[PDB]
Amino acid sequence: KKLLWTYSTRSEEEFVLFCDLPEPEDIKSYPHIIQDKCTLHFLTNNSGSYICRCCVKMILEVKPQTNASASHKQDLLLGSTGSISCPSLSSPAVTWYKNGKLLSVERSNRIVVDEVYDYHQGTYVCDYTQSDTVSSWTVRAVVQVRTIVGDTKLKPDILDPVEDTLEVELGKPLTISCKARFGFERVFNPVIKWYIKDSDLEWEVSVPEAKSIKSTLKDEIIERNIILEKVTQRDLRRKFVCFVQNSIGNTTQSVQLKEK
Amino acid sequence: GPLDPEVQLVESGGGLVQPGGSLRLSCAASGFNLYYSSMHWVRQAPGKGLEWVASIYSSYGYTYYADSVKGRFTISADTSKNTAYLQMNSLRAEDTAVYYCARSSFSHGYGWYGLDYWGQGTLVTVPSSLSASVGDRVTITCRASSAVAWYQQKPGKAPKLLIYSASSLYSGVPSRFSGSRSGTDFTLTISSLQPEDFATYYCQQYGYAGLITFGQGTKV
Ligand SMILES: *[C@@H]1O[C@H](CO)[C@@H](O)[C@H](O)[C@H]1NC(C)=O
């Protein structure tokens, strides 16, 4: 079951071959070409038209580049979004494989990735066919993609309480919740706390230990509640201030209680 | 990258103990919050390679042990002092080794980006070879779900992180190095060996749940 491709080398490239014959100068891994299973790996003006066994014959023509843009080492920031360009096409139908498995067949020179997870690392293969004065080969290039970790450039965002004021009926208990969103830090040391503003002083209220309500590659959300057993008349004379801080900065949100 | 108060790891409590006895080791963490970090005891019996001993995840209160120990040692942490202790009971005289504690980032989605920081290790008493030269390309393979990491130990110091998430290159680590997954056989590369790159090299896996597996070692 013959297939053709060509491989243009430039600066730091690699190449792979799949057993495209229906799976569940070689057959003899004599040179520096590595086989794992069903997939051979080429570390670079030769050839290497092999076959493996319903047999699959590959007919490769390695041919150095001459005229020449995203390169074969591309980084994806995990948590966030990203995209992997097809080095070749710096559009026809490009077929993407991630470590041998099929990803997309879209007519563009870039696959986009919405939520970069740990498994988005690997070697990606972007195939697209090419016909000339009649001859139909396939162009294969291999791009190695790394899921690199990167600290945020962002202050914590307070999502609750968003309102300046809270109406309360005194003699009844009240719980003010502070939720804030923290972006990734490799040494993550978040600060979230409640403060009181009476006459001109501020002091940290004395309870309780925060907890997470969300922990995903992009967001860590930490909530920390203040509880008053019964809102007294003084509790309208002070302000309660949520304060969050991470290694980029700090944000606060104050809450003034009303009566009704 | 930013000049912000950074991470130390002090170990203590080691000594000469009789077999069947007990001994408490201590790790004074400095610079990181124990609720967003996993703290680990990794061991090195004199001459041999690195072996995982115990993990603690203070946030959830989870604790994990390598079976070769499981039953004897208790790992705990006091987040009011940022201190993790390894409580050793009934040393079976193979426990003789230097005990490192090392941090990892255990926050956000909880993926594994390596043991970033190690202590000097505290001594308690009860790798293969490559050989090439300055300028060569060297490739080291490792066959066996995790995101692998690569460490570089120099004869008497604690391991350094080179690579995390199997490809990504740790901060400070020169661009010479490379990492690959390739099915079940991960491989570290040094492009053009330099005089400083000679060391013992270890690979590592994580998991299933949380069991850390190190490599056998490679002297380059
Ligand atoms: C909190 O951030 C503000 C600036 O946005 C800063 O001026 C203030 O002193 C900060 N407090 C701390 C502990 O950083």
# chains A, B, ... in the order shown; residues from 1 in each chain; ligands from 1
>>> interface_residues(of="chain B", to="chain A", cutoff="9 Å", atoms="only C-alpha atoms", output="PDB file with N, CA and C atoms, in the first residue's frame")
ATOM      1  N   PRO B   2      11.814  37.350  38.645  1.00  0.00           N
ATOM      2  CA  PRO B   2      11.740  38.459  39.626  1.00  0.00           C
ATOM      3  C   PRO B   2      12.555  38.212  40.914  1.00  0.00           C
ATOM      4  N   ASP B   4      12.317  38.104  44.111  1.00  0.00           N
ATOM      5  CA  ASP B   4      11.298  37.944  45.184  1.00  0.00           C
ATOM      6  C   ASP B   4      11.687  36.828  46.183  1.00  0.00           C
ATOM      7  N   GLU B   6      12.959  33.954  48.157  1.00  0.00           N
ATOM      8  CA  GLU B   6      12.920  32.662  47.480  1.00  0.00           C
ATOM      9  C   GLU B   6      13.352  31.517  48.401  1.00  0.00           C
ATOM     10  N   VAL B   7      13.269  30.333  47.796  1.00  0.00           N
ATOM     11  CA  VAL B   7      12.962  29.075  48.464  1.00  0.00           C
ATOM     12  C   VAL B   7      14.200  28.422  49.069  1.00  0.00           C
ATOM     13  N   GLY B  31      10.040  29.947  52.004  1.00  0.00           N
ATOM     14  CA  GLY B  31       9.825  30.656  50.749  1.00  0.00           C
ATOM     15  C   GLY B  31       8.611  30.213  49.989  1.00  0.00           C
ATOM     16  N   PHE B  32       7.935  29.173  50.454  1.00  0.00           N
ATOM     17  CA  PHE B  32       6.748  28.680  49.784  1.00  0.00           C
ATOM     18  C   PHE B  32       5.707  28.203  50.795  1.00  0.00           C
ATOM     19  N   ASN B  33       4.447  28.352  50.380  1.00  0.00           N
ATOM     20  CA  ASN B  33       3.248  28.005  51.119  1.00  0.00           C
ATOM     21  C   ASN B  33       3.025  26.499  50.977  1.00  0.00           C
ATOM     22  N   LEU B  34       2.915  25.775  52.096  1.00  0.00           N
ATOM     23  CA  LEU B  34       2.784  24.322  52.037  1.00  0.00           C
ATOM     24  C   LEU B  34       1.439  23.870  51.497  1.00  0.00           C
ATOM     25  N   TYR B  35       0.479  24.766  51.392  1.00  0.00           N
ATOM     26  CA  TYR B  35      -0.818  24.389  50.858  1.00  0.00           C
ATOM     27  C   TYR B  35      -0.859  24.404  49.335  1.00  0.00           C
ATOM     28  N   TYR B  36       0.151  24.954  48.686  1.00  0.00           N
ATOM     29  CA  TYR B  36       0.266  24.953  47.247  1.00  0.00           C
ATOM     30  C   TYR B  36       1.619  24.402  46.850  1.00  0.00           C
ATOM     31  N   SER B  37       2.032  23.322  47.517  1.00  0.00           N
ATOM     32  CA  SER B  37       3.303  22.649  47.277  1.00  0.00           C
ATOM     33  C   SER B  37       3.213  21.235  47.807  1.00  0.00           C
ATOM     34  N   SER B  59      -2.319  20.493  51.447  1.00  0.00           N
ATOM     35  CA  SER B  59      -3.663  20.988  51.144  1.00  0.00           C
ATOM     36  C   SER B  59      -4.728  19.958  51.509  1.00  0.00           C
ATOM     37  N   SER B 104       7.722  20.426  45.114  1.00  0.00           N
ATOM     38  CA  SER B 104       7.160  20.576  43.776  1.00  0.00           C
ATOM     39  C   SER B 104       5.988  21.553  43.796  1.00  0.00           C
ATOM     40  N   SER B 105       5.587  22.025  42.611  1.00  0.00           N
ATOM     41  CA  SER B 105       4.429  22.911  42.493  1.00  0.00           C
ATOM     42  C   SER B 105       3.145  22.088  42.456  1.00  0.00           C
ATOM     43  N   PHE B 106       2.356  22.175  43.518  1.00  0.00           N
ATOM     44  CA  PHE B 106       1.092  21.412  43.608  1.00  0.00           C
ATOM     45  C   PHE B 106      -0.013  22.410  43.862  1.00  0.00           C
ATOM     46  N   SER B 107      -0.398  23.039  42.775  1.00  0.00           N
ATOM     47  CA  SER B 107      -1.405  24.108  42.705  1.00  0.00           C
ATOM     48  C   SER B 107      -1.921  24.173  41.284  1.00  0.00           C
ATOM     49  N   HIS B 108      -2.998  24.912  41.097  1.00  0.00           N
ATOM     50  CA  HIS B 108      -3.697  25.016  39.798  1.00  0.00           C
ATOM     51  C   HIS B 108      -4.142  23.618  39.434  1.00  0.00           C
ATOM     52  N   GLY B 109      -4.100  23.245  38.186  1.00  0.00           N
ATOM     53  CA  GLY B 109      -4.621  21.903  37.923  1.00  0.00           C
ATOM     54  C   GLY B 109      -3.970  20.696  38.620  1.00  0.00           C
ATOM     55  N   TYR B 110      -2.834  20.893  39.304  1.00  0.00           N
ATOM     56  CA  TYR B 110      -2.035  19.884  40.009  1.00  0.00           C
ATOM     57  C   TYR B 110      -1.193  18.994  39.096  1.00  0.00           C
ATOM     58  N   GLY B 111      -0.653  19.541  38.009  1.00  0.00           N
ATOM     59  CA  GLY B 111       0.261  18.788  37.179  1.00  0.00           C
ATOM     60  C   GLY B 111       1.650  18.876  37.756  1.00  0.00           C
ATOM     61  N   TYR B 113       5.570  19.562  37.586  1.00  0.00           N
ATOM     62  CA  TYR B 113       6.643  20.234  36.848  1.00  0.00           C
ATOM     63  C   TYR B 113       8.019  19.994  37.476  1.00  0.00           C
ATOM     64  N   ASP B 116      11.555  21.214  42.203  1.00  0.00           N
ATOM     65  CA  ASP B 116      12.268  22.405  41.779  1.00  0.00           C
ATOM     66  C   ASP B 116      13.407  22.710  42.727  1.00  0.00           C
ATOM     67  N   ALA B 147       4.202  13.155  33.473  1.00  0.00           N
ATOM     68  CA  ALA B 147       4.990  14.130  32.724  1.00  0.00           C
ATOM     69  C   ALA B 147       6.394  14.045  33.303  1.00  0.00           C
ATOM     70  N   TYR B 164      11.259  19.428  32.735  1.00  0.00           N
ATOM     71  CA  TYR B 164       9.945  19.113  33.257  1.00  0.00           C
ATOM     72  C   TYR B 164       9.027  18.919  32.069  1.00  0.00           C
ATOM     73  N   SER B 165       7.885  18.292  32.333  1.00  0.00           N
ATOM     74  CA  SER B 165       6.870  18.063  31.295  1.00  0.00           C
ATOM     75  C   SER B 165       7.485  17.462  30.021  1.00  0.00           C
ATOM     76  N   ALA B 166       8.556  16.696  30.245  1.00  0.00           N
ATOM     77  CA  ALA B 166       9.263  15.866  29.276  1.00  0.00           C
ATOM     78  C   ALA B 166      10.031  16.577  28.165  1.00  0.00           C
ATOM     79  N   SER B 167       9.700  17.823  27.863  1.00  0.00           N
ATOM     80  CA  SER B 167      10.361  18.616  26.814  1.00  0.00           C
ATOM     81  C   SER B 167      10.810  19.987  27.282  1.00  0.00           C
ATOM     82  N   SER B 168      10.012  20.605  28.139  1.00  0.00           N
ATOM     83  CA  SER B 168      10.229  21.975  28.577  1.00  0.00           C
ATOM     84  C   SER B 168      11.506  22.090  29.409  1.00  0.00           C
ATOM     85  N   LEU B 169      12.242  23.177  29.227  1.00  0.00           N
ATOM     86  CA  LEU B 169      13.594  23.285  29.765  1.00  0.00           C
ATOM     87  C   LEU B 169      13.570  24.212  30.964  1.00  0.00           C
ATOM     88  N   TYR B 170      14.005  23.691  32.110  1.00  0.00           N
ATOM     89  CA  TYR B 170      13.883  24.395  33.382  1.00  0.00           C
ATOM     90  C   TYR B 170      14.747  25.660  33.379  1.00  0.00           C
ATOM     91  N   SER B 180      12.413  14.019  25.304  1.00  0.00           N
ATOM     92  CA  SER B 180      11.415  13.430  24.419  1.00  0.00           C
ATOM     93  C   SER B 180      10.646  12.318  25.134  1.00  0.00           C
ATOM     94  N   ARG B 181       9.381  12.114  24.733  1.00  0.00           N
ATOM     95  CA  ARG B 181       8.572  11.041  25.319  1.00  0.00           C
ATOM     96  C   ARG B 181       8.693   9.743  24.526  1.00  0.00           C
ATOM     97  N   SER B 182       8.274   9.760  23.258  1.00  0.00           N
ATOM     98  CA  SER B 182       8.429   8.638  22.320  1.00  0.00           C
ATOM     99  C   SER B 182       7.902   7.321  22.908  1.00  0.00           C
ATOM    100  N   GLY B 183       6.580   7.280  23.070  1.00  0.00           N
ATOM    101  CA  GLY B 183       5.955   6.062  23.539  1.00  0.00           C
ATOM    102  C   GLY B 183       6.273   5.836  25.000  1.00  0.00           C
ATOM    103  N   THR B 184       6.895   4.703  25.304  1.00  0.00           N
ATOM    104  CA  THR B 184       7.267   4.394  26.674  1.00  0.00           C
ATOM    105  C   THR B 184       8.754   4.575  26.933  1.00  0.00           C
ATOM    106  N   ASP B 185       9.483   5.212  26.016  1.00  0.00           N
ATOM    107  CA  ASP B 185      10.928   5.354  26.169  1.00  0.00           C
ATOM    108  C   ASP B 185      11.329   6.821  26.030  1.00  0.00           C
TER     109      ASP B 185
END
>>> residues_around(residues="region 57-59 of chain A", least_positions_apart="5", cutoff="6 Å", atoms="only C-alpha atoms", output="count of residues only")
7
>>> residues_near_ligand(ligand="ligand 1", cutoff="7 Å", atoms="only C-alpha atoms and all ligand atoms", output="list in words")
residues 249, 250 and 251 of chain A
>>> residues_around(residues="residue 93 (chain B)", least_positions_apart="2", cutoff="10 Å", atoms="only C-alpha atoms", output="PyMOL selection string")
chain B and resi 17-21+90-91+95-97+124-126
>>> atom_distance(atom1="CA of residue 226 (chain A)", atom2="CA of residue 156 (chain A)")
19.0 Å
>>> atom_distance(atom1="CA of residue 78 (chain B)", atom2="CA of residue 41 (chain B)")
15.5 Å
>>> residues_around(residues="residue 224 (chain A)", least_positions_apart="2", cutoff="7 Å", atoms="only C-alpha atoms", output="mmCIF file with N, CA and C atoms, in the first residue's frame")
data_model
loop_
_atom_site.group_PDB
_atom_site.id
_atom_site.type_symbol
_atom_site.label_atom_id
_atom_site.label_comp_id
_atom_site.auth_asym_id
_atom_site.auth_seq_id
_atom_site.Cartn_x
_atom_site.Cartn_y
_atom_site.Cartn_z
ATOM 1 N N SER A 177 -18.534 36.762 51.799
ATOM 2 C CA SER A 177 -17.568 35.872 51.190
ATOM 3 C C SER A 177 -16.641 36.610 50.242
ATOM 4 N N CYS A 178 -15.360 36.313 50.303
ATOM 5 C CA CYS A 178 -14.423 36.892 49.367
ATOM 6 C C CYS A 178 -13.839 35.809 48.475
ATOM 7 N N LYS A 179 -14.097 35.894 47.187
ATOM 8 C CA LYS A 179 -13.516 34.980 46.227
ATOM 9 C C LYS A 179 -12.573 35.737 45.303
ATOM 10 N N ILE A 192 -4.882 36.075 50.908
ATOM 11 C CA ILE A 192 -6.263 36.493 50.839
ATOM 12 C C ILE A 192 -6.732 36.658 52.258
ATOM 13 N N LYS A 193 -7.259 37.827 52.560
ATOM 14 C CA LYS A 193 -7.593 38.078 53.939
ATOM 15 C C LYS A 193 -8.622 39.187 54.013
ATOM 16 N N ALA A 210 -8.337 29.833 54.550
ATOM 17 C CA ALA A 210 -8.985 29.860 53.244
ATOM 18 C C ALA A 210 -9.002 28.471 52.635
ATOM 19 N N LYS A 211 -9.772 28.330 51.570
ATOM 20 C CA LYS A 211 -9.835 27.088 50.822
ATOM 21 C C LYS A 211 -10.045 27.425 49.356
ATOM 22 N N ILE A 222 -9.725 31.074 45.292
ATOM 23 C CA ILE A 222 -9.613 30.860 46.724
ATOM 24 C C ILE A 222 -10.641 31.746 47.395
ATOM 25 N N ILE A 226 -15.763 35.869 56.151
ATOM 26 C CA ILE A 226 -15.900 36.523 57.448
ATOM 27 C C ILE A 226 -17.322 36.305 57.939
#
>>> residues_around(residues="region 194-199 of chain B", least_positions_apart="4", cutoff="7 Å", atoms="only C-alpha atoms", output="PyMOL selection string")
chain B and resi 134-135+152-154+219-220
>>> residues_around(residues="residue 150 (chain B)", least_positions_apart="2", cutoff="9 Å", atoms="only C-alpha atoms", output="list in words")
residues 114, 148, 152, 160, 161, 162, 163, 164, 166, 179, 188, 201, 202, 203 and 204 of chain B
>>> write_last_selection(atoms="N, CA, C and O atoms", output="short mmCIF file (atom, residue, chain, number, x, y, z; two decimals), in the first residue's frame")
data_model
loop_
_atom_site.label_atom_id
_atom_site.label_comp_id
_atom_site.auth_asym_id
_atom_site.auth_seq_id
_atom_site.Cartn_x
_atom_site.Cartn_y
_atom_site.Cartn_z
N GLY B 114 8.19 18.85 38.14
CA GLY B 114 9.45 18.49 38.74
C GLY B 114 9.62 18.94 40.19
O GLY B 114 8.83 19.69 40.75
N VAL B 148 7.32 13.48 32.53
CA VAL B 148 8.63 13.16 33.08
C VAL B 148 9.54 14.37 33.29
O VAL B 148 9.32 15.47 32.77
N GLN B 152 20.10 16.48 37.31
CA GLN B 152 21.55 16.39 37.15
C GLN B 152 22.26 16.51 38.51
O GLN B 152 22.29 17.60 39.09
N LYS B 160 19.82 18.74 40.62
CA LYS B 160 19.30 19.95 40.01
C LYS B 160 18.27 19.54 38.97
O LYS B 160 18.39 18.48 38.36
N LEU B 161 17.23 20.37 38.79
CA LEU B 161 16.23 20.08 37.77
C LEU B 161 16.73 20.56 36.41
O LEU B 161 17.23 21.68 36.27
N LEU B 162 16.66 19.69 35.41
CA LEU B 162 16.92 20.16 34.06
C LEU B 162 15.62 20.31 33.28
O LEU B 162 15.39 21.34 32.63
N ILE B 163 14.77 19.31 33.30
CA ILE B 163 13.64 19.28 32.38
C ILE B 163 12.39 18.84 33.13
O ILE B 163 12.45 18.02 34.06
N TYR B 164 11.26 19.43 32.74
CA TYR B 164 9.94 19.11 33.26
C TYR B 164 9.03 18.92 32.07
O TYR B 164 9.38 19.23 30.93
N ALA B 166 8.56 16.70 30.24
CA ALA B 166 9.26 15.87 29.28
C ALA B 166 10.03 16.58 28.17
O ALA B 166 10.91 15.97 27.55
N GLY B 179 14.49 16.92 25.63
CA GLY B 179 13.78 15.79 26.20
C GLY B 179 12.69 15.32 25.26
O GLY B 179 12.12 16.10 24.49
N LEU B 188 16.73 11.94 27.17
CA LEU B 188 17.41 13.22 27.37
C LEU B 188 18.61 13.36 26.43
O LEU B 188 19.26 12.37 26.09
N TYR B 201 23.01 11.51 35.80
CA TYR B 201 21.70 12.00 35.35
C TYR B 201 20.59 11.00 35.68
O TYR B 201 20.71 9.81 35.39
N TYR B 202 19.48 11.52 36.22
CA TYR B 202 18.33 10.71 36.59
C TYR B 202 17.09 11.21 35.87
O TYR B 202 16.93 12.43 35.67
N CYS B 203 16.22 10.28 35.45
CA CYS B 203 14.91 10.59 34.91
C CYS B 203 13.88 10.22 35.95
O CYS B 203 14.20 9.56 36.95
N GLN B 204 12.65 10.69 35.75
CA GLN B 204 11.66 10.51 36.79
C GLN B 204 10.25 10.53 36.22
O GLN B 204 9.97 11.21 35.23
#
>>> residues_around(residues="region 197-200 of chain A", least_positions_apart="5", cutoff="8 Å", atoms="only C-alpha atoms", output="PyMOL selection string")
chain A and resi 237-241
>>> select_by_dssp(residues="region 84-191 of chain B", states="strand (DSSP E)", output="PyMOL selection string")
chain B and resi 84-89+97-105+115-118+122-124+128-129+138-143+149-153+160-164+168-169+177-180+185-190
